[PDB]
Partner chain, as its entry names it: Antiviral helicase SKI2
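The chain below stands alone and is given as structure tokens, in the form solved without its partner chain.
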């Protein structure tokens, strides 16, 4: 397979772009500058992404994670939610709607929850939608989202959302350590990565530990099937991918040629679960055939890739070259989301890039 550049935005944020997510309607990025940025997916015949972009300030501590949920509520109510976590440990919620794109901050968490310092997060789309998050102390949280507070509000489509804590699962290790990453599968499995190289899988709806196994985990992603778990982890300055069968937790394989000459920062399975994209701090997006565990293609990121020459960022804050900017995050987009499976990544040169 061959992936090609379709659109990009240089100097997209005023600070580092740590995380990116997408739904049918739009890609959303978040940055250490404190802003969310929404990017229309229905972009035109090579039109400037920035002209179809909408920013919203969230928290001056900066944002390090963002995920978007988009569904229709019984052919009636368009539901589009963004969750993002800040460096202060806050976990903020915004409803998104369309003169054009509007952000509405939601008050969902109680006082008890707000004492935690949230890190990683992930929506579990459709009986109600779920959300999962970690905090820095190593605990994972599981909520159920409701667009309507009671049935009277539901019967009138009266927006009044709540978040109901289903419970938590705790960190296996001696003293508890930083939980860097999370995911939730379609089959109902939760996986949590930690900064000591450990990973604990728990059962959703039980919320009880099933098992675990043992340098820091950076990303954790269930394949769409749910039968395989890909894990990015540091290992003596290099970045490694280890695959695990998901039932007993046996390691079944790995991806190499180590996976990246520097850290593997993020993972993203395509829709079929056949391809796996690795985002690397070496500034590479490598794609892996999952079944044969074999590298298929590589995209090398360069600061001079930016279509508008004016917002090429060739040098960082200290004078060091951004010739090959590391990739903070990557996400596969479904077939018909962009204007044929798409992809999006965000890199150290403060750029966001769409492909294929």
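Residue numbers count along the first chain shown, from 1.
Below, we turn to the form solved in complex with its partner chain, even though it does not appear here.
- Contact between residue 33 and its partner chain in the bound PDB entry is found at the 4.5 Å heavy atom cutoff.
- The closest non-hydrogen atom of residue 136 lies within 4.5 Å of its partner chain in the bound PDB entry.
- Among residues of the shown chain, residue 302 is not one whose heavy atoms approach its partner chain to within 4.5 Å in the bound PDB entry.
- Heavy atoms of residue 90 reach within 4.5 Å of its partner chain in the bound PDB entry, making it an interface residue.
- Residue 114 is the only one of 98, 187, 208, 114 with a heavy atom lying within 4.5 Å of its partner chain in the bound PDB entry.
- Applying a 4.5 Å heavy atom cutoff to its partner chain in the bound PDB entry picks out no residue from 250-279.
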